[PDB]
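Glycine gets a Cβ as well: all are built from the backbone with ideal geometry, and neighbour counts include every protein chain shown. Nothing in this text is a laboratory measurement; each read-out follows from the coordinates by a stated rule.
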Amino acid sequence: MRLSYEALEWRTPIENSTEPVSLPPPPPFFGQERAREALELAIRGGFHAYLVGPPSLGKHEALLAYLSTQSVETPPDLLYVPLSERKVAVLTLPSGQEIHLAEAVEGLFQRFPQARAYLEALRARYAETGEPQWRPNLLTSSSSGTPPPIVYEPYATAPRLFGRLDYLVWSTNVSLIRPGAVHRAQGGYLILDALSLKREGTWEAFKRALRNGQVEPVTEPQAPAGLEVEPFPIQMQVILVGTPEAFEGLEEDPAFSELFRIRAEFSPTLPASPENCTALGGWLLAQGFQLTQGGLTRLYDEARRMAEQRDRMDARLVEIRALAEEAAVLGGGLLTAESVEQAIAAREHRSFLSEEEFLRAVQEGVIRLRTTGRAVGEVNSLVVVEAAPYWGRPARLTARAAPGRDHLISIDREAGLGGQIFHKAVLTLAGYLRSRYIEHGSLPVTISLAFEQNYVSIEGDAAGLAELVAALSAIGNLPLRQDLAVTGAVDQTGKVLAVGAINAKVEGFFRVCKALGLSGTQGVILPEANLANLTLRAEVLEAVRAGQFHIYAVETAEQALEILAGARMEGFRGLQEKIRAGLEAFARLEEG
Amino acid sequence: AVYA
C-alpha cells in the first residue's frame with residue numbers, strides 16, 4: 001500500500017501559536033499511576049520501596065515532591081547517651097525534651113522515664129574514689145512531622161550513612177559522634193541511589209543497619225581505642241532509586257527482595273492524550289518557562305517522536321526540560337514553536353559531522369551508491385550507525401546466483417562481521433527459499449549476499465527483506481528499482497515483520513537522495529507493522545506531500561518484490577514464472 | 001558498528 005501524506009501526517013495542528021500558556025501544575029507522578037499506587041502502599045504500610053525507571057525521567061523530583069506533602073507525628077529528639085566511658089546507645093525521647101535532660105545533667109528517673117539506663121550508669125564514685133564525656137549528645141530535633149524528615153543522600157559512603165567519630169587529642173566520647181543520613185532520616189524517609197550503594201561498597205553494611213539495627217559511626221585505624229555503639233531500633237522508611245540495570249546487581253541478593261518489597265516502576269512513555277499535553281504545559285510553567293501554545297505543541301510532538309509512537313509520548317521530563325532550556329535561549333527567553341524546532345535542528349547540526357563526511361564520500365564516488373535506475377540482484381537496505389544520535393544510512397547489498405547445491409552464503413557473516421540475529425535472518429531466508437521452491441528438489445543455486453561497502457559489524461534482522469528480494473531478483477534475473485530503499489525483517493513464511501529506528505532509517509535514505517539530487521521517484525518500502533511508529537520529520541512529510549518521495553508499506557516479501565521489479569507475482573507474465581524459469585536454467589547448468 |  002502507498003502511504004499518502006495524509007496517512008503519514010502525525011503532528012498536532014497549532015492554533016494561535018504565540019498565545020501564552022496559562023495552566024496549573026500537575027500533581028507528582030502524573031501519568032505514572034503504577035509507581036504512584038506502589039509508593040502510596042509503601043507509605044501506608046511502612047514498607048521500604050524502590051523507584052525504578054530509565055535515566056532522566058525525573059524520578060528523584062517526583063519522589064521529593066510527593067514526600068513533601070506527607071504528614072507524620074513530630075519526630076522524637078534523637079541522641080547518643082553513654083552507658084559507660086567506652087559504650088554509647090541511641091535514645092529517642094518525646095520531642096523538645098532532651099534540652100531539659102541536658103540542663104539537669106549540667107546540674108553536674110527525675111521525669112525522663114525512657115532515659116533510665118543512662119542515669120543509672122551515670123551513678124557516684126567521683127566522690128567514692130576522687131576519680132576525675134558524660135552529657136547526652138543531641139543528634140536531631142524538629143518542630144513538626146509535616147513535612148516528615150526527607151533525607152536524600154546521593155553519596156552512600158559509610159560516614160555519610162552512619163556518621164563519624166571525631167578524635168580530640170587521643171580520646172573520644174559520646175559528644176564527638178556526628179550523625180549520618182540514617183540518624184537524620186529517623187521518623188521519616190531516607191532516599192539512596194542503588195548505584196551509589198554498589199559503587200561505594202556499602203550495601204552489606206546498609207543491610208546490617210536495616211536487619212540488625214547495627215549503625216556504626218566510622219572510626220580510624222590509628223585511634224588506640226573506640227566506643228562500642230549498641231544496635232538501635234531503626235525507625236525510617238528507605239526508598240532506593242535507580243534504573244532497572246542498577247537494581248540487577250542488588251536483585252541477585254535474596255536480602256534485596258526481603259528488605260525492598262514495593263517496586264514503584266515508571267513507564268518510559270505515557271499515552272499521547274490532551275490531559276498529558278496539558279500536564280506537560282503546567283509542569284513546564286511551574287519550572288519557570290515562558291511557554292506559548294506553539295512551543296508546548298512542538299515539545300509535546302517531539303516527545304511523541306522521541307517515543308517513535310504516534311499514540312505515546314516520551315515520559316522523560318528531564319530530557320523535555322533540557323530541550324526546552326535550549327529552545328528558550330534560541331527564543332530570547334520565550335519558548336515558541338520556532339525556538340523548539342530550531343533547538344531540535346541545532347542538536348542535529350552539532351552531531352552531523354559523521355553524516356557530512358558520509359554524504360561527501362557518496363557525492364565523490366568514494367562510497368558507491370545508486371539512488372536511480374535499475375539493477376539485478378542489488379538493493380539499498382537501511383541501517384543505523386550504533387553511536388548517538390543513531391543516524392540512518394543506506395547500505396548497498398548485492399546477491400549473486402550461480403548453479404550449485406542449495407547454499408545461501410552471507411559474506412559478511414562468514415567474514416565475522418555479522419552478529420547472531422543478522423545470521424538468524426539469513427537462516428530464516430534460506431528456510432523460506434528452500435521450502436517455497438521445491439519443484440527441482442533442493443535449490444539448484446548457490447546465492448552469495450554482500451553488504452558492499454561494509455567495514456564494521458552489522459547486527460539485526462532488518463536487512464532480511466532487502467536480502468530476500470535481492471536473492472529472488474538474482475534467481476529470476478529481475479531488474480529492481482534502486483530509487484526505493486528496503487527495510488523489514490522476514491519470517492520463514494515470507495511475512496514482513498516490524499523493525500527498529502524506522503524514522504532514522506527513512507530519513508537517512510531521504511538525506512542521501514536529497515544530497516545526490518531528488519529524482520521525484522525515490523522512497524522506502526517498509527513494514528506495514530511499523531505504521532504506528534512513523535513520526536517522520538517535516539522535510540520528509542513535505543517531500544511526500546510534494547510527490548518528491550514515496551513510502552510503501554508491505555506485509556509480504558513478494559509485495560516488496562512486485563514494487564521493486566514493477567510487476568505482479570502472477571497475472572503470469574509475472575515474476576513467479578520468471579523465478580521458476582531461472583531455477584530451471586540453474587538446474588540444467590548444474591546437471592551435465 | 002551498524003544496526004539493521
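Mind checking the full-extension length gain between A:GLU61 and A:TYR5? Use 0.36 nm per residue of separation minus the Cα-Cα distance, one decimal, nm.
Numbers: separation 56, 0.36 × 56 = 20.16 nm, distance 4.02 nm.
This chain segment gains 16.1 nm when fully extended.
Arranged by the count of other C-beta atoms within 10 angstrom, fewest first, what order do A:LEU165, A:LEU397 take?
Starting with the residue having the fewest Cβ neighbours, the order is A:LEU165, A:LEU397.
When Cβ neighbours within 10 Å are restricted to other protein chains, what is their mean count per residue of peptide A:378-387? Before the final figure, lay out each step's value.
On the way: counts 0, 0, 0, 2, 2, 4, 4, 3, 3, 1.
Counting Cβ atoms of other protein chains within 10 Å of each residue's Cβ and averaging gives 2.
What's the FRET efficiency of A:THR219 with A:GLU275 using the Cβ-Cβ distance as r and R₀ = 51 Å, to the nearest 0.05?
On the way: r = 55 Å, r/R0 = 1.07.
Efficiency computed from Cβ-Cβ geometry: 0.40.
Taking only the Cα atoms of the range A:31-141, how large is their convex hull per residue, in Å³?
On the way: hull volume 17.7 nm³, N = 111.
Given the Cα convex hull of the range A:31-141, per-residue volume reads 160 Å³.
Can you put A:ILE447, A:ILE177 in order, fewest other beta carbons within 10 Å first?
Arranged by neighbour count, lowest to highest, A:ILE447, A:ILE177 become A:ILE177, A:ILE447.
Starting from a Cα-only point model with no solvent, please compute log10 I(q)/I(0) by Debye for the range A:351-592 at q = 0.10, 0.12 1/Å.
At q = 0.10, 0.12 Å⁻¹ the computed log10 ratios are -0.44, -0.64.
With N set to the number of residues, divide the alpha-carbon radius of gyration of the protein assembly as shown by 2.2 N^0.38 Å and report two decimals. Let's see the in-between values first.
Values: Rg = 34.1 Å, N = 596, 2.2 N^0.38 = 24.9 Å.
Against the compact-globule rule of thumb, the ratio is 1.37.
Taking K and R as +1 and D and E as -1, what net charge do the other residues with C-beta under 10 Å from the C-beta of A:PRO527 add up to?
Values: positive: A:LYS495; negative: A:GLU528, A:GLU555.
Charge balance near A:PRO527 sits at -1.
If the only charges are +1 at each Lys and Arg Cβ and -1 at each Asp and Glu Cβ, what is the size of the charge dipole of the protein assembly as shown around the Cα centre, to the nearest 20 debye? Working shown, then result.
Working: 57 positive and 73 negative charges, 111 e Å.
Using Cβ point charges on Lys, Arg, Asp and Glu, the protein assembly as shown gives about 540 debye.
Need the full-extension length gain, A:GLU577 to A:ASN477, defined as separation in residues times 0.36 nm minus the C-alpha distance. One decimal, nm.
Working: separation 100, 0.36 × 100 = 36.00 nm, distance 1.15 nm.
Full extension from A:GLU577 to A:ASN477 adds 34.8 nm.
Given 0.36 nm per residue, what is the gain on full extension from A:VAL366 to A:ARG263 after removing their alpha carbon distance, in nm? Display every interim value, and only then the final one.
Details: separation 103, 0.36 × 103 = 37.08 nm, distance 5.36 nm.
Stretched out fully, the A:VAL366 to A:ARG263 stretch lengthens by 31.7 nm.
Within the range A:43-71, whose backbone N sits under 20 Å from a point 7 Å along Cα→Cβ of A:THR243?
Backbone N within reach: A:50-63.
So, in the protein assembly as shown, how many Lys pairs have Cα atoms under 27 Å apart, if the pair is 8 or more places apart or on different chains?
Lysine pairs satisfying the spacing and distance rule in the protein assembly as shown number 9.
Label-point separation (nm) for A:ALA538 and A:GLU37, each offset 7 Å from Cα along Cα-to-Cβ?
Taking the simple label geometry, A:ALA538 and A:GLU37 are separated by 4.1 nm.
Sticking with the crude label model, points 7 Å out along Cα→Cβ, report the distance from A:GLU252 to A:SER22 in nm, one decimal please.
Distance between the two pseudo-spin positions: 5.7 nm.
Given the DSSP H assignment, sum -39500 (n - 2.57) over each helix run of at least 4 residues in chain A and divide by its residue total; what's the result at 222 nm in deg cm²/dmol, nearest 500? Write down the numbers at each step before the final one.
Details: 23 runs with 228 residues, N = 592.
Theoretical 222 nm ellipticity from helices: -11500 deg cm²/dmol.
Within the range A:549-592, find all residues whose amide N lies under 18 Å from a label point positioned 7 Å from the Cα of A:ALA402 along Cα-to-beta-carbon.
Those under the cut-off are A:583, A:585-592.
With a cut-off of 15 Å, note down the residues of the range A:456-477 whose backbone N falls inside the zone around a label point 7 Å from the Cα of A:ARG434 toward its beta carbon.
What the label zone holds, given the 15 Å backbone N cut-off, is no residue at all.
Taking the Cβ-Cβ separation of A:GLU528 and A:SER142 as r and a Förster radius of 60 Å, what is the calculated FRET efficiency to the nearest 0.05?
Values: r = 62 Å, r/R0 = 1.03.
FRET efficiency, A:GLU528 to A:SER142: 0.45.
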